[PDB]
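Participant: I have a structure here, written as C-alpha cells, and I will follow up with some questions on it.
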Amino acid sequence: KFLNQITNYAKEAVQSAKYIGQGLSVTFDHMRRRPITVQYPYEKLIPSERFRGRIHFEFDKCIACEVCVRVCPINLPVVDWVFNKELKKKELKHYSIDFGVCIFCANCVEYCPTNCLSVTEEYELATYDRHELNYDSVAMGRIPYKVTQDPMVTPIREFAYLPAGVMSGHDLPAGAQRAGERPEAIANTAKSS
Amino acid sequence: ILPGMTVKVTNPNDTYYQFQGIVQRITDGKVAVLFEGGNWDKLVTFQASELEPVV
Amino acid sequence: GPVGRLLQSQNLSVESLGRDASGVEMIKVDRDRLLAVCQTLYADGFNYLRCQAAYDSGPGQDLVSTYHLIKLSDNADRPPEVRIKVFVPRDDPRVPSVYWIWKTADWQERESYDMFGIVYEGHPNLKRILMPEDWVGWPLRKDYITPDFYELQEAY
Amino acid sequence: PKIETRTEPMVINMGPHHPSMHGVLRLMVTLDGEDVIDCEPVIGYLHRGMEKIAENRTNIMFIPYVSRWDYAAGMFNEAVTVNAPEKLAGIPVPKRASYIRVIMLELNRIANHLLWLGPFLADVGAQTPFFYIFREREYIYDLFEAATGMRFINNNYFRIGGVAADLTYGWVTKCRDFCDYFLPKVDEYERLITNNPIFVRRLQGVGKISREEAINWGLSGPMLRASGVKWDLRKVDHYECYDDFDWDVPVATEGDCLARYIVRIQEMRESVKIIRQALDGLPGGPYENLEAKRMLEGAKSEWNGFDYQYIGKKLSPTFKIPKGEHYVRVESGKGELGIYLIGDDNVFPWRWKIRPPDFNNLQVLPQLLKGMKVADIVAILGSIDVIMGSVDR
Amino acid sequence: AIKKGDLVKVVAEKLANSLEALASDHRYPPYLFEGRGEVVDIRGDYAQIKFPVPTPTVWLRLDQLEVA
Amino acid sequence: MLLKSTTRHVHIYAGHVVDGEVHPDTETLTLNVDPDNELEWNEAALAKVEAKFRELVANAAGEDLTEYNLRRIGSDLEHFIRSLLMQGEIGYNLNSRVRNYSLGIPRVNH
Amino acid sequence: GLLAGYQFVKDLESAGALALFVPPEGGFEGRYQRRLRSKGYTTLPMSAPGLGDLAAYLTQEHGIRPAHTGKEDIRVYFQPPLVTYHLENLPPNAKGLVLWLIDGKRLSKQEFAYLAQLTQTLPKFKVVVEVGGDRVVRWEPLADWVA
Amino acid sequence: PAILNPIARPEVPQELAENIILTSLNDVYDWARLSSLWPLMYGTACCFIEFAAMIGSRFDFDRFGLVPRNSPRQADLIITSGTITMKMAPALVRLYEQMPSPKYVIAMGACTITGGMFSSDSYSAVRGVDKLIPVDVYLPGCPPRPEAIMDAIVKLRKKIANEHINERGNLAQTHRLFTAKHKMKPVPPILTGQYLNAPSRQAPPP
Ligand SMILES: CCCCCCCCCCCCCCCC(=O)OC[C@H](CO[C@@H]1O[C@H](CS(=O)(=O)O)[C@@H](O)[C@H](O)[C@H]1O)OC(=O)CCCCCCCCCCCCCCC
Ligand code: SF4
Ligand code: SF4
Ligand code: SF4
C-alpha cells in the first residue's frame, strides 16, 4: 500500500541515475573519435561521377533543335536561331541559361542528341548580383573547376568511392579504389580459366 | 592529345580512374573529357598528363 | 456492379460509370441523395475514405465531387474499394458534407471548397486552408484569372 | 508596458516562424492554465500550386517537381508519379528495375524515419542526436549521390518504363557496408534512449486515438499502425516486388506517442531487412558483374534479356498518357500517397491531384490536444512527422 | 477565325456577364487587354490562352475573344 | 491588429504613424515608398507617386479592407514606380549599398 | 604583418592590374578594397564567371537575353558597356574605377592577358582579380603571373 | 528615354577617411562583425534541410563563428531557405525589419532568387525574394550542396570586410511617408480560436 510505492520510487530513481551515468560515459567517449567534419574551404568534398553541377555548352555541336527548351521543367534555355538560307541549315546566334532560374535536373543534358550539353562538378556558384547568373554561350564552357587540381584543398572522397569496409574518407592512403573490380577486370579474369 | 579523340584516365589518385571519354575542349594545357555514361553526360577537366589516347 | 447492385436492393438507384483501368467501379450518385448512399455504404463495411477532392469536368460544363471508399479489413488482401461521383452544376449549386458520416471530410472538403468553390452544406468550419482566407477566385477552376500582383510578375 | 492579466482562456500564436524543422505552421492555440481547450491550425504558408502546374507539364517535365511534396524522402512521391501514367499505359517494368526501385524506396524510408527521429528526440530531450542522425543520414545521401545525380530530393531517378540508369559499379558492396554499420544503431538508439523513465513517462499516455477513430479520421500512416491496425499498402496492394521478401509489419496497440515511436523504430529496422534481402537477389546482382557477363556472352545470351534491363523501352517526352482516370498509391514514410490522375488524350493531364498522408494525419491535431498539457504540444507535433511540403495539396 | 496561336484579346464585356467568369475576381488585370494572347489549344468551343505573364493559362471561350 | 501590404519600395499600412509607431486606425492607409533607398528620388516624382496613391485609394475603393485589397493597391503602386523608373524620371541609387537591380537592369532603349 | 598601410594602392596605381591570392576564407581582402575606396577609387565587383567575351561585356555593347519561361518570346536588352557606363557615372572627385573580379580562377590565360592589356588604354581603369591561392593576402602584377 | 532604368549620377563624392588609425580601427570593426555572424533559425521548405545539414557534424558552420539564433533581435543574417508564397511574404519582411540594422541576407536555392521551378504557372509563390528585401548574396541551385552555402558565406564575409565605419549613413531608412483617408468597410477577422468549441462541430444541422 505504501511500501510498494516507495520501492517503485527507489527503482525509478536508481534507474534514472544509471541511465544518466551511461549517457555521460557515452558522451565522454565520443570526444576521442576523429571529427567527421569535412572542413570545406580547405577540405572540399570531391563530388560523385553523376553529380549535376553547372551546365556546359559546346557552341560548335549545337544544331538548334530546341529539345533542351522542350524537356526543361520551365522551358529555361534561351535559344536564338536565325535559319540561314544556304540550303536548310539553322544557325545559332545566342544560347543562354539563367542559372538563377535553373533547377539542375539535367533533363536538357539527357536529351541533347549531339552531346553538345553536359553537366559539370561546379557547385560553387554564388554572386552578389543575380543578373550575372545569366550565362552567355561563351561563359558556359569555361573549363570546369576540378577541385582536385587546387593547391590549397585536400580532396576527400565520399562514401561511395571508399574501399570495402571503410566508412570515413579522411585518413586514407594514396592508392585506394572505389569498392570492387570494374567489368573489364572481371572479364579478363574470367578469360583465363 | 587533341579534341574529338577518345581517351582514358591513368591516375590512381583520381575518382575517374580507368574511365573512358571523349575530349570536348582543351585550353591552357588542361583538357576537358566528357564521359558519356549513366544518364547525364559528365564533363570533367584533367591535366594533359592524366590521360592516355586509347585506340 | 457488385456495389451498384448492393444498394439496388436498398430501394435507391444510382448510375454506373464502370471500371477505370484499376478495377475500381465508379457510380454517379445524385447530389441530393448523396447522404443516403454514403450512409448505406458506411453500414456495409465502408469506413475509410482515402480521397474526396473535386475536379472541374470542363471549362464551363460543371464540377464534380469524387469520393473514394474502401473496406479496410485488418491484415487484408485487395479489398473492394468502390468510389462514387457527384456532378454539381457550375454556377450556383453545391453538395452536402459527408463529414458527419465519416471524418477526413473536414479538410478535404475544405480544400475542395478553397480550390473549386464547391460549398458543402452542413460542413463545420468551411474556410480556406490554403490560399489566404481573404482571397477570391477558386484558383483551381479551369478558367481562373490570376490577379496582376507585383510579386508574381517576373524576376526582371 | 504590460499585459493586464485577466481570467479568460489565453490564446497564443505559435506562428509561421517555427525555430525547428516542423515546416511553417501557425497553430493558434488557446489554453486554460497549462491545458489545451482547442487549437486552430493555420496551414497554407507553403501552397505553391503543384496541382495547377501538373496540369500544364508533361510527365518528364513534372517529375523533378514531385520531389518537393513531402521533402525527405523525395523518391516515394517520385515512385507514385511514375506509377500513375505507367498503370494507364500498362507499361511493363522489368524485375531489375523493380528491385532497384524497392531498394531506393527502402533507403528513403530509413532516411525519412531518421529525419523524423532527430527533432523528435530533440523536442523531448537534448540536441546531440540532431548531430547524430545527420552523421547517419549522410551515408544515404552519399549513396544517392552515386546512384542518382544529387543527394536527397531532386533525384528524378525514376522513369515510366523503369529507372533512369543502372547503379554505379561499387554500389551493392557499399550499401551492404552501410546496412551492417547502421543496423546495430537502430537498437543503440533504444539503448541510449527509450529507457529513461522520465523520458518514457513524458510520452506515456499523451496523444491517443482509438482503433475505430483512427479509421474514421483516416490516419493512413504509422499513426494507424500504432493504433492496432496491421494494414500497410505494401502487403495489401502487393506492391511490385513484395511477397518476395520477409514481412513483419510492426503494430502497437495503445495508440500514443510512445506507440508511434516504437512502430517507427521497428519499421526502420525492417527496412534494413528488406534491403539486405533484396541486395542478395537482384536480377543480375551487382552491376559490374552484370556488365561483365553481358560483355562476355550477353551479345545474344539471356543476360541481355528484358527482365535484366534497368528500363523498358525509353519513351519520348511526348508520351501522351491515355484516357481514363484511376487512383494510384504508395506506402510512403508518413503513410499513403495518392495521385488521382485523370488524363484525357494528351501529354498534359486532367486534374493531377495529390493525396498526401500528412494532410490527413494532421487533421487530428485538435483532437490529440484535447486538454493534454501546454508542454506536450511539440511532442505531439513531432509524433505525426509533419512536412509542410505535403501540406500544400 | 481564332486558331493556331493567333494573338487574342478579351474584348471588354462579353467576359463579365456570361456567368462563366464568376470564377475569378470582379476586377480584371490589365494583361487581358493587350494584343498578346497566343492560343495553345481549342476544345471545340473553348480555348486555352497563354497570356505572357508567369501565371497559369486561362480557359476562355471564343465568344470572349477577338483576333486583335 | 495591423493590415499591411509590404513589399520592396512600397509599404502600405492601415494606421497613422504618429512618431514612429503605427497604431491601426481603419482609415488612414499610410504609405512608405522606398524605405531602403533602392532608388534616388526627386520632388516631382514623389508628388506623382503620392497623386497616383491618392487616385488609387480614393477613386477606386468601395470594397472591403481585407489584406487582399491592400496588396492589390500596393501592386499597382509598384507597377507605377517601375514605369517611372523605365521612363527615366528616377534611377537606381548607385550608393555603396547592396545594389541588386530588383526592377531591371539598365538597357539602351533600342 | 597583421596591419597594412597603403602599399596596395601604390602598387595598383603602378602596375594597373593586380592578381590577389587571398586565403580561402574570404574575410581578409575586403580591407584592401576598403583601402582602395578610401583613396578615391570606386570599386565594383562582378564575379568573373558569368561575363561573356570580356570585350563585348566590358568595352562594347551586348544583348542580354532574359529567361523567358514559355511566355514572353525571346527579347534582347542590350545593356551598356559595364565599364564605359560606369566611368561616366563616377563621383565628382573620383580618382578612377577599379574592377574587382571575385572568382578569377575560372577565367583563362587569354582573358587574363586581355584584362591586363585593357588597363593601359582606357585611362581611369584598374583591375583586381582574386585568383585563388596563398594563405596570406599577397598580390602580384597581372601582366606577370602569365607566361 | 536615352537609357532605360538609368543610374543615379550623384554629387558630393565620397567624404571618406584616410588616416591609418581610423582605417586600422575599421579593420577590427569589420573583423569582429564578419567572423561572428549569427544566422536566424528560419526555414520554409526543402532548402532548409540542407541548411540543417550545414549545421550537422559532417560540416558545421560553427567554425568561422556561426551560431543559429531563434529570435530576429539577436540575428544579423537571414539565410532565406525555401519558397516564399504570397501568404508568407509579409511574415518574412516583418522578420527582416524586426532585426537590428547591420544585417545581411542570403538568398539560397533557385526559389528565392528568381522564383525557381515555380517561376511559371504558379499563382502563389513570390518570384524571387529580391522583390521583398535587399539580398546580398545569391547561390543558385535546387538544394545547393551545403558546401555551396558555405561558399556563399565566404562571398558574404568578403563583402562585409568591405564596409566602412565612415559610411554607415547608407544604413538607415528614409521613411518618405504619406497619408490618404479611405472608405473601405472594415470586416471582422475570420481567423480566431474556436475550432473545437465552435457550435457547428458538436451536432449535424437538421
Ligand atoms: C574589464 C576589462 C576588459 C576590457 C575588454 C578588452 C577589449 C579588447 C578589444 C581589442 C580586441 C581586438 C582583437 C583583434 C584580433 C585580430 O585582429 O584577429 C586576428 C586576425 C586573424 O587573421 C590574421 O591575418 C593574417 C593573414 S592576413 O594577411 O590578414 O590575410 C595572418 O596573420 C593570419 O590570417 C591571421 O594571423 O587578423 C585579421 O584577420 C585582420 C584583422 C586586422 C586586425 C587589426 C590589428 C589590431 C590593431 C588594433 C588597433 C590599434 C590602433 C593602432 C594601430 C596603428
Ligand atoms: S544543345 Fe542539344 S537540345 Fe540544345 S539546341 Fe543544341 S541540339 Fe538542341
Ligand atoms: S538543368 Fe533543368 S532547368 Fe536547367 S536547362 Fe536542364 S532541364 Fe532545364
Ligand atoms: S529552392 Fe529548390 S530545394 Fe529549396 S525549396 Fe525551392 S525548389 Fe525546393
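Chain lettering (A, B, ...) mirrors the order of the C-alpha cells, residue numbering begins at 1 for each chain separately, and ligand numbering begins at 1 in order of display.
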Pick out the chain C residues within 7 Å of chain F. Count only C-alpha atoms. Give them as an MDAnalysis selection string.

Facilitator: chainID C and resid 134:135 149:150 156

Participant: Give me, as a PDB file with N, CA and C atoms, in the first residue's frame, the residues of chain H touching chain C, with the criterion being at most 7 Å (counting only C-alpha atoms).

Facilitator:
```pdb
ATOM      1  N   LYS H  87       1.221  34.076 -49.180  1.00  0.00           N
ATOM      2  CA  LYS H  87       0.650  34.011 -47.844  1.00  0.00           C
ATOM      3  C   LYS H  87       1.679  34.350 -46.777  1.00  0.00           C
ATOM      4  N   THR H 114      14.967  33.868 -58.219  1.00  0.00           N
ATOM      5  CA  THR H 114      14.199  34.146 -59.425  1.00  0.00           C
ATOM      6  C   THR H 114      12.798  33.567 -59.364  1.00  0.00           C
ATOM      7  N   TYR H 123       0.624  30.551 -58.992  1.00  0.00           N
ATOM      8  CA  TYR H 123      -0.155  31.728 -58.651  1.00  0.00           C
ATOM      9  C   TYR H 123       0.027  32.181 -57.213  1.00  0.00           C
ATOM     10  N   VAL H 126       6.158  33.869 -54.478  1.00  0.00           N
ATOM     11  CA  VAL H 126       6.835  35.125 -54.780  1.00  0.00           C
ATOM     12  C   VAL H 126       8.017  34.816 -55.687  1.00  0.00           C
ATOM     13  N   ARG H 127       8.083  35.493 -56.829  1.00  0.00           N
ATOM     14  CA  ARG H 127       9.084  35.189 -57.852  1.00  0.00           C
ATOM     15  C   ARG H 127      10.420  35.850 -57.516  1.00  0.00           C
ATOM     16  N   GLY H 128      11.043  35.343 -56.461  1.00  0.00           N
ATOM     17  CA  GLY H 128      12.309  35.880 -56.014  1.00  0.00           C
ATOM     18  C   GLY H 128      12.146  36.768 -54.806  1.00  0.00           C
ATOM     19  N   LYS H 131      12.600  41.018 -54.531  1.00  0.00           N
ATOM     20  CA  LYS H 131      11.496  41.966 -54.552  1.00  0.00           C
ATOM     21  C   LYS H 131      10.765  42.019 -53.219  1.00  0.00           C
ATOM     22  N   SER H 200     -20.854  24.481 -34.670  1.00  0.00           N
ATOM     23  CA  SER H 200     -21.093  23.617 -35.817  1.00  0.00           C
ATOM     24  C   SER H 200     -20.289  22.327 -35.765  1.00  0.00           C
ATOM     25  N   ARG H 201     -19.490  22.116 -34.722  1.00  0.00           N
ATOM     26  CA  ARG H 201     -18.691  20.901 -34.637  1.00  0.00           C
ATOM     27  C   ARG H 201     -19.376  19.821 -33.815  1.00  0.00           C
ATOM     28  N   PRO H 204     -24.798  17.682 -36.152  1.00  0.00           N
ATOM     29  CA  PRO H 204     -25.130  17.980 -37.546  1.00  0.00           C
ATOM     30  C   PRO H 204     -26.384  18.831 -37.627  1.00  0.00           C
ATOM     31  N   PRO H 205     -26.490  19.693 -38.631  1.00  0.00           N
ATOM     32  CA  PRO H 205     -27.696  20.503 -38.784  1.00  0.00           C
ATOM     33  C   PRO H 205     -28.865  19.644 -39.227  1.00  0.00           C
TER      34      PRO H 205
END
```

Participant: Give as an MDAnalysis selection string the residues surrounding ligand 3 up to a distance of 9 Å, considering only C-alpha atoms and all ligand atoms.

Facilitator: (chainID A and resid 52:55 68:77 97:99 101:110 117 119) or (chainID D and resid 61 64) or (chainID H and resid 116:117)

Participant: Please write out the residues within 9 Å of ligand 1 as a count of residues only, counting only C-alpha atoms and all ligand atoms.

Facilitator: 28

Participant: Once you count only C-alpha atoms and all ligand atoms, which residues end up within 7 Å of ligand 2, and could you hand them over as a PyMOL selection string?

Facilitator: chain A and resi 57+61-69+79+108+111-117

Participant: Looking only at the backbone, which of the residues in chain B does DSSP tag as strand (DSSP E or B), as a list in words?

Facilitator: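 Of chain B, only residues 6, 7, 8, 9, 20, 21, 22, 23, 24, 25, 26, 27, 30, 31, 32, 33, 34, 35, 42, 43, 44, 45, 46, 51 and 52 of chain B fall in strand (DSSP E or B).
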